[PDB]
Amino acid sequence: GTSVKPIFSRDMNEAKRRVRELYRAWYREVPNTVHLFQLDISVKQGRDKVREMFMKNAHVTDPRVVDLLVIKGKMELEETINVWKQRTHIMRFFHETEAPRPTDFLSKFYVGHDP
Amino acid sequence: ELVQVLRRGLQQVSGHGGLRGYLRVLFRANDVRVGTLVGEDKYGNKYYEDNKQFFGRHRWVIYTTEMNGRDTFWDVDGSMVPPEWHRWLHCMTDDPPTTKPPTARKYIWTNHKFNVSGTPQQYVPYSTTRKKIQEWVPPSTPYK
Amino acid sequence: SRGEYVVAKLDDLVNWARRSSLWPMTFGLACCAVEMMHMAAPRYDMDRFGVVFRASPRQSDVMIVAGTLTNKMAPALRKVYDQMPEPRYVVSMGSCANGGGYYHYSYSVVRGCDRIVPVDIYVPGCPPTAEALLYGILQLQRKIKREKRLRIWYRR
Amino acid sequence: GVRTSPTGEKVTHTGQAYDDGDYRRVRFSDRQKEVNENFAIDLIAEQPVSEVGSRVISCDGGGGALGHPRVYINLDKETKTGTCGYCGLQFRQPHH
Amino acid sequence: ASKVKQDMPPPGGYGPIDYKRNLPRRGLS
Amino acid sequence: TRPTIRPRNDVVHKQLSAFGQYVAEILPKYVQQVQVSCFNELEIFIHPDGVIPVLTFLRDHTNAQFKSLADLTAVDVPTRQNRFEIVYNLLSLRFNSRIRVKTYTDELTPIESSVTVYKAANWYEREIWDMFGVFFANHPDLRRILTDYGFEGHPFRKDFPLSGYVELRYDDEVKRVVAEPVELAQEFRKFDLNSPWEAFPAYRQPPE
Amino acid sequence: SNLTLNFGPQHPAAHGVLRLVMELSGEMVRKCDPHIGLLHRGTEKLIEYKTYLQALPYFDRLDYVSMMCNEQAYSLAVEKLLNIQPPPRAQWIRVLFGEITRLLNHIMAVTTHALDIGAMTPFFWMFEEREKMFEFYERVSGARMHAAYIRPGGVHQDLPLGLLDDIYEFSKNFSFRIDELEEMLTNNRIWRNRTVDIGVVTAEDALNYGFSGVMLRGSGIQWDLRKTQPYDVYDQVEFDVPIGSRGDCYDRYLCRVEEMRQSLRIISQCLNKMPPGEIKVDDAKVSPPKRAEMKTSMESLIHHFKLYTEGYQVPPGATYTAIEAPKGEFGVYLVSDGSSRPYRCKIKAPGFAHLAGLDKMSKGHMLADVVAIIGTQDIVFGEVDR
Amino acid sequence: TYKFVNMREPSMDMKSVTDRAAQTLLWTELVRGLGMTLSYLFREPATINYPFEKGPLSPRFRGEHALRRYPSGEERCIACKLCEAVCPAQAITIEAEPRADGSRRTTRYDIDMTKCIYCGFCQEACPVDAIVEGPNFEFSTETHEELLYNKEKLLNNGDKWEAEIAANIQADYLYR
Amino acid sequence: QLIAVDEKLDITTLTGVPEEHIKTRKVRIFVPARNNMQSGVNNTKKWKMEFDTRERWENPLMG
Amino acid sequence: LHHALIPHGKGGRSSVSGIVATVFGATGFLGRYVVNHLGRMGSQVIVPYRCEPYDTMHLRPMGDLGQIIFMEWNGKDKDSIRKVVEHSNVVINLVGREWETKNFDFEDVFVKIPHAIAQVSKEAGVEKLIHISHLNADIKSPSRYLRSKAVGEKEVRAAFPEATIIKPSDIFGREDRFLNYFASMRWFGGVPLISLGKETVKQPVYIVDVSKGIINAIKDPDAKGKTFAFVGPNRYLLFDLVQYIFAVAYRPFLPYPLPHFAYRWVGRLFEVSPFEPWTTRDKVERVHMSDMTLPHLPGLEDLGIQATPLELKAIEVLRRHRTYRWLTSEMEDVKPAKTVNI
Ligand SMILES: CCCCCCCCCCCCCCCCC[C@@H](O)O[C@H](CO[C@H](O)CCCCCCCCCCCCCCC)COP(=O)(O)OCC[N+](C)(C)C
Ligand SMILES: NC(=O)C1=CN([C@@H]2O[C@H](COP(=O)(O)OP(=O)(O)OC[C@H]3O[C@@H](n4cnc5c(N)ncnc54)[C@H](OP(=O)(O)O)[C@@H]3O)[C@@H](O)[C@H]2O)C=CC1
Ligand SMILES: C=C(C)[C@H]1Cc2c(ccc3c2O[C@@H]2COc4cc(OC)c(OC)cc4[C@@H]2C3=O)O1
Ligand code: SF4
Ligand code: SF4
Ligand code: SF4
Ligand SMILES: [Zn+2]
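Chains as they are written, first to last, in PDB author numbering: chain E, 14 to 128; chain N, 2 to 145; chain C, 41 to 196; chain T, 28 to 123; chain W, 3 to 31; chain P, 43 to 250; chain Q, 78 to 463; chain B, 37 to 212; chain L, 51 to 113; chain J, 36 to 377.
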């Protein structure tokens, strides 16, 4: 029951199919992105980052949430392909000027009060 | 006629105190008009009017060549005008400070300062409040 | 020394030429640009100081940031700043450009354009009047007059 | 009422002067420190106390609408003077 | 007992203001 | 009651009430509520499934003729199970009138795009999607319109912080503009202004 | 492949921070994609964190060429929600300054349109007049453009003791300046070639796309909000509404010039009909009292304190208030939850719909024609992005 | 009530046709435009000789902020914080404590001039005319830090501009 | 058409909040106490959600 | 720690790191990166400059409001050094010129100035001093640059016993002369190399690695009196290195041997330029001298830095040196050069 209306997919199988299609499109786009934006990363780095972004949301079990995630990923792909994005936008995925924040207890205790 | 305009030009060069004063005003303000001296400044600026000029060109100041410490023969700016002549010059009032002096207070600056930005006299912001948390001072004597 | 006198005179000549021909990029972001227009309007006539607008960043000496700089716009401002040949100057005009102003606490506003580019003159106001912007421009000319590139080269 | 700290820095009306080991003093080197020289606490301490022949006096700071809101000051205590909470002027009844 | 003084139009009215387009003919045949 | 109080208009109030009754009778399938505000502003609450029929009827009916869409926006009310309130404002030139149509949705439920009914909606629906995250089905070209490229989240939502999560600055080492977690030199100072005494008795709620 | 071109934001013809992505075959425009948001400042969220008086200066900065018209729309919305009424003298002042503001906006629009086209001269002639009107703004409020004079209770201050005379002196010379502008532009064959039959929009399309103002009237639609849904004292003034015939850029230019003339007419009427009285609603729980009262009376001081710290509370409810701003219908959807802060403020700007229709209006045109169309839509991106 | 801007039909008589042919071939309206520009060439320009000549201003003009005093030299500000509450830009920062003589005075009074929108709401809100927007507008700085005003800077502005500020207030306070 | 989703509602991956501000945060849901300086009770009618207090420090400039 | 100097915040732009640093030589190649890394964390940075203030403009956006303070200084003046190090707990020295000017020889910039800085900062109570010398610093080296570096290193150690001395080797980056010098040679036609560059081994180090190493050495309590050597992860023969540089730039590589005396004569001819020389005799000696191996000194991995290989960052320096034809070529297309490691 729970009486919900879908966006595109009726169960997780169709949602997974759409996820795979979007992943294929991003995988094909990465080399062109590296060429056009004149990025100093490799194609391997770009595809690894695409996989990491996809795996960030691997725990989702709602087909509607997956449909919205695919819609957002398609929005980002359309944005990248048309060059609406600049090199700064593409490089924002890699956080190159962010100092690594530690995760163990002792370093956090040393730096400050935040957990 | 044209000849009367030329005569106006010659009386304009004659009216600035000779050829060298004419050249001084031309190279100092890029203007050679003659107006009635409304007044002078305690810093040397002179203030003139000419009510026959259109609104905007009917009041002007010939700045001093020597402000507080700096040479202002070429380097002048609008911040050198003191507040009373500032009120008259920007047409906030019709009455000059000579005929309508401002009210006297003992905390008002007796010496106007110009824009001191980019100069060792510039303003540097800082916190004006005192310390909030006081730390414990350990005793100066050994504990054993 | 004769060499020091020569470099001082050449220094003065180059500074005079540079400050007497200040070409700002035709570039406006928001409300402040309107007052910029009023500085070119007949009453103030910036052209009489040798100050003429030119659209191309390659033919520009000064960038006037006249308006809010949002996050979406910051890369473009940085890009057209980088395409200015040197020497180049930036005049920050208005509260928005100076520090964010009315939109300082926004998710989409850069809190001051000096985070993106180096700024020479900060013109306060919201908007600054055309006269205040003219005062800032004349202030930039004085700043340029104080340059001594050739003297520093000679002493080094 | 200006006065310098042992470091040579002027002390403001607020009383804040950077400590000897405070690095922030570096912001004044090659520049100056803005200090207003007319201390209000000292200037208001010079005004003469006004003597009035009534128990309750009124103060509006002078200038009518150019002063502060008008307040009424009781003057029954003879060990002290009635002080305006807006302007700082002092009032008393003729005593002794 | 001062009377109310306020920015108002003068008694009667302000002089008429032209607003219609005025483009003369100004030519030969 | 005369000089400083806004005057009333009962004729327009009656006309709007009658027309609201008209609309409700014609479309019982979707119309849930009809209201006439005190300053004569007709409001019609409907079911989401009736977005396209209602608007179509309202713009096409001979007695309606609301051929112009003033604006379309959304309101976020987190306490409601359906978070978002979709508001359409329509103007009729033939009858010199205005009408407001309201519906509801939540984060995961699409609304039918009304570009077919009104061409003006395109950018309005894009803006609602960008600011609130409400998806519109069958929209020609749905994408962000106001926010920066790659911006995460929806700013107009009540939960989103006023200054967001990231800021921008130019970094010389990478020679480009970078996005970093927001740090503020001075924190925005939250004021508590609400008076502890009730202002308007006419709106008092039952004590539950 | 079509050439893909960035038009702006750093472009003279852009008229602000617009990134017009254009697909072109030769110089023919195959597609227009306006990318906006380069001046989105998040104004509506900010307005949510302010009181109703603190949110007023935002409406100055929405459309920076029609400041008081933006203020008036917001003030009307808040007054409708408060169930109060501004005094008659305030309403006459509001209409007078709204017409002065319409003059300012129309000068800016027409001269910047001519400047894009290439006729650079009329700009300098008309900006001196704009300067004098800025002086009028400044005398009344102390600010040249962002005045913040119109408040939800009326106006902030009464006119200074000689302002009407100077407004009269300015108004009796302006028609000749309009005449000189028309001599420059109206009958020039080059201007007509650059404007006639460019950006033609039908009445049906203009209505459906959400157009308003001149973009309607150039296509023959007879609609002016001052006539159909009057506000303040607009029902007491007489003026004609210009109407076009062809729906092109040329017809929109003629409409704006005639609108300028009709604004002169309305100003003349407002000057001769200004009544006496107070300038804000005589209700100290909404409008602040005078300073002498604030310094003499206990109630006046309490109300001054509370109005400037917490602000007045607005009874719960939502309104959509629209005015005939110089660029079209300008609206506010204002939602009050009963407190002194607005719960929601959606701003409707005509430029949003006009720019959304720019792609439609540019079908079958060249690059220069697209520049002319952007000029003829009268776009300011403060109101578009907000 | 409406008029038409482009609904006029041209006459088709031989004289009108010949006049239009002369307009087309001999470029009469272009000479009209040339005449208009030539006319403007011989007018007096509306330019002013800045900085020697200034633009007109008003007593209500909003400029650089200043903190004022009573004629005794005592500060007017009592730290009510109404200016800080009303400021739409949150540009004002205030800290206060009892003075050594028990007076209610500020210990911190900052205005961030790059946050300020120069609206004048603070001088309206001030109940003792302590904070004002003075007449000055020529205070461009070379660094951002110089535009972060503390209490010393604002008191110095008041001391420097009091003569003109009092005269401006005297000319406008009856409209307030 | 209805699809009968069975799982608990979860929108974290769509909100765009950084994960640090999702996992390490604690909210308080409460009816605020009446301000003891006043007798009005109108500020004690609705429920409030607010986040945990984090570090605040002193700006080196201006404090 | 003097409460005002207690770290606060999340280590960002508006935070307080507790560092107050005076960076001599901040207007150079390494100085901009050092100031950027210091201002990222919210440090107070004092920049002494003798150049035209225009030339410091690029350092303005590196800090928050008030966090970067610019002060005029003179290298021959010790009162000026006192003025600029009075309130700092860290002093970094990056002063150095590749060529010798009329008013400053190598011994002035590498012995006198570093010694004066060390003496004055020790007198002023500065807690930490970081000095930069070269990896190849030596008392009897053929280059007077390196002889002066070694003498100045000893002088600094004598004047500030707890100073951290860092010895990098051929920093490469966007504004680095070493990467640029090879690129510059293409205009002439042929690349002149002594012995065809087959008898020289280089171990270049990335600029960001050196800046991070300096920053970490500041925050390291046990790095006080240590001496570090900052070298890259790979060693190349000069021939292979220049060949890789020319392959990344997509320029035709035409190497030819040039005898030592001819190259010295060319350097002397280029030395008479009143402006910045294209090359000098000292530069010729330093280019064809193999990088030393110092396994007994702590390295970047002792400061927590993982050295960046040149293969990963060469394109960001050399894409500017390409023609339009090869401007979009990807990074992994150039077949990394041959390393002579052990
Ligand atoms: C073969 C020659 C080749 C080179 C030729 C170059 C062109 C010829 C030289 C032209 C010189 C003209 C510039 C000097 C004009 C000075 C004007 C004067 O007003 O400047 C003052 C300052 O003068 C400058 O400091 C010095 C100017 C001259 C500098 C030295 C010139 C030496 C020339 C040597 C030429 C050598 C050429 C070698 C290569 C050929 C300050 O004025 P300023 O404050 O702005 O005014 C603001 C406006 N106010 C006044 C109304 C407020
Ligand atoms: N490959 C490399 O770059 C590595 C560099 N070396 C050492 O590392 C340090 C930094 O190197 P790098 O940044 O590349 O060199 P740069 O030439 O780029 O910068 C040198 C700095 O020192 C200043 N300076 C130079 N001479 C003087 C002087 N006589 N008086 C005052 N200041 C002066 C410069 O100021 P100004 O611009 O005004 O002249 C400048 O800021 C230097 O000590 C260098 O010797 C270590 C191994 C190699
Ligand atoms: C060149 C002269 C004589 C004037 C005209 C002018 C400037 C400077 C800048 C600009 C400009 O006009 C163009 C086109 O019209 C607007 C309209 C704008 O809003 C009304 C706006 O705000 C950013 C910007 C612009 C352009 C702009 O940047 O000086
Ligand atoms: S500073 Fe004020 S006038 Fe200038 S762009 Fe910002 S809001 Fe508009
Ligand atoms: S003028 Fe307005 S923005 Fe500026 S300090 Fe006063 S209230 Fe705040
Ligand atoms: S300046 Fe005026 S409003 Fe502000 S705290 Fe002082 S007395 Fe109160
Ligand atoms: Zn008193």
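In this text, a Cβ means the ideal position worked out from N, Cα and C, and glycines have one as well.
Query raised in the report: Could you give the uninterrupted runs of the beta strand (DSSP E) lying entirely in the segment 79-131 of chain Q, keeping only those of 3 residues or more?
Result: List check, beta strand (DSSP E) in window: 80-84, 96-102, 105-112.
Query raised in the report: In chain T, what lies closer than 9 Å to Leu-191 of chain B by C-beta?
Result: Chain T residues near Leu-191 of chain B: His-40, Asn-63, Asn-65, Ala-67.
Query raised in the report: Hey, is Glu-351 of chain J's beta-carbon within less than 8 Å of any beta-carbon in chain E?
Result: At least one beta carbon of chain E lies nearer than 8 Å to the beta carbon of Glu-351 of chain J.
Requested in this report: Within the same chain, show all residues whose beta-carbon is closer than 6 Å to that of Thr-57 of chain J, passing over the 5 residues directly before and after it, in chain order.
Outcome: Only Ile-81, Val-119, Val-120, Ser-123, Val-126 meet the Cβ criterion.
**Report entry** Extent of the continuous alpha helix (DSSP H) to which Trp-39 of chain E belongs
**Finding:** Segment 25-49, the alpha helix (DSSP H) holding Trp-39 of chain E.
Query raised in the report: So which residues on chain C does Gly-79 of chain N lean against when the C-beta distance must stay under 7 Å?
Result: Chain C residues near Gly-79 of chain N: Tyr-175.
Query raised in the report: Under the three-state reduction of DSSP, which class applies to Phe-118 of chain T: helix, strand or coil?
Result: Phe-118 of chain T falls in the strand class under three-state DSSP.
Query raised in the report: Pick from J:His-37, J:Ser-115, J:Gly-131, J:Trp-108: whose alpha carbon is nearest that of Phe-64 of chain J?
Result: Cα-wise, what sits closest to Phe-64 of chain J is J:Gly-131.
Requested in this report: Could you name the residues whose beta carbon sits closer than 6 Å to any heavy atom belonging to ligand 6, keeping them in chain order?
Outcome: Around ligand 6, the residues whose beta-carbon falls short of 6 Å from at least one of its heavy atoms are B:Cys-113, B:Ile-114, B:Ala-115, B:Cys-116, B:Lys-117, B:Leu-118, B:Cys-119, B:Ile-130, B:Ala-161, B:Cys-162, B:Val-164, B:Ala-166, B:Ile-167, given in chain order.
Query raised in the report: For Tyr-291 of chain J, is the classification buried or exposed, using 16 other Cβ atoms within 10 angstroms of its Cβ as the cut-off for buried?
Result: Result: exposed.
Requested in this report: State the beta-bridge partners of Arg-140 of chain B as determined by DSSP.
Outcome: Paired residues: B:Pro-134.
Query - Assigned secondary structure, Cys-86 of chain T (DSSP; H/G/I helix, E/B strand, else coil) - result: Under the three-state reduction of DSSP, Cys-86 of chain T is assigned to strand.
Query - Residue burial classification, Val-91 of chain L (beta-carbon count within 10 angstroms, cutoff 16) - result: Around the beta-carbon of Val-91 of chain L, fewer than 16 other beta-carbon atoms lie within 10 Å, marking it exposed.
**Report entry** Rounded C-alpha distance that separates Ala-150 of chain Q from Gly-103 of chain Q
**Finding:** Near 45 Å, if we compare the C-alpha coordinates of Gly-103 of chain Q and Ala-150 of chain Q.
Report task. Measuring alpha carbon to alpha carbon, tell me which of P:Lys-109, P:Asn-124, P:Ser-110 ends up nearest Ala-116 of chain P. Result -> Looking at the Cα atoms, P:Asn-124 is the closest of the given residues.
Report task. Return the residues of the segment 322-337 of chain Q that lie within a Cβ-Cβ distance of less than 7 Å from chain B, sorted by chain order. Result -> The segment 322-337 of chain Q vs chain B, Cβ under 7 Å: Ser-322, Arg-323, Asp-328, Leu-331, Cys-332, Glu-335.
Query raised in the report: Which runs of the beta strand (DSSP E) fall wholly inside the segment 82-112 of chain C and span at least 3 residues, in chain order?
Result: Within the segment 82-112 of chain C, the complete beta strand (DSSP E) runs of at least 3 residues are 102-106.
Query raised in the report: Nearest chain Q C-beta to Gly-15 of chain W closer than 8 Å, yes or no?
Result: Contact with chain Q is found for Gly-15 of chain W, since one of that chain's Cβ atoms lies less than 8 Å from the residue's Cβ.
Query raised in the report: How many angstroms separate the CA atom of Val-6 of chain W from the CA atom of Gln-234 of chain Q?
Result: If you take the alpha carbons of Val-6 of chain W and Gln-234 of chain Q, they lie about 16 Å apart.
Query - Terminal residues of the alpha helix (DSSP H) in which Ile-41 of chain J lies - result: No alpha helix (DSSP H) holds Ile-41 of chain J; DSSP gives it neither H nor E.
Query raised in the report: Which residues in the same chain have their Cβ closer than 7 Å to the Cβ of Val-319 of chain J, if we skip the five residues on either side of it in sequence?
Result: Hits under 7 Å: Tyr-298, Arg-299, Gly-302.
Query raised in the report: Using the C-alpha atoms, what's the distance from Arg-168 of chain P back to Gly-225 of chain J?
Result: Distance between the alpha carbons of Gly-225 of chain J and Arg-168 of chain P: 59 Å.
Query raised in the report: Of all the CB atoms in chain C, is at least one closer than 8 Å to the CB of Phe-230 of chain P?
Result: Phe-230 of chain P counts as touching chain C.
**Report entry** Bridge-paired residues (DSSP) for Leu-97 of chain P
**Finding:** Within the DSSP secondary-structure output, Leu-97 of chain P pairs in no beta bridge.
Query raised in the report: Thinking C-beta only, is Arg-179 of chain Q closer than 8 Å to residue 56 of chain Q?
Result: Beyond the ends of chain Q as shown, which are 78 and 463, falls residue 56 of chain Q; an answer cannot be given.
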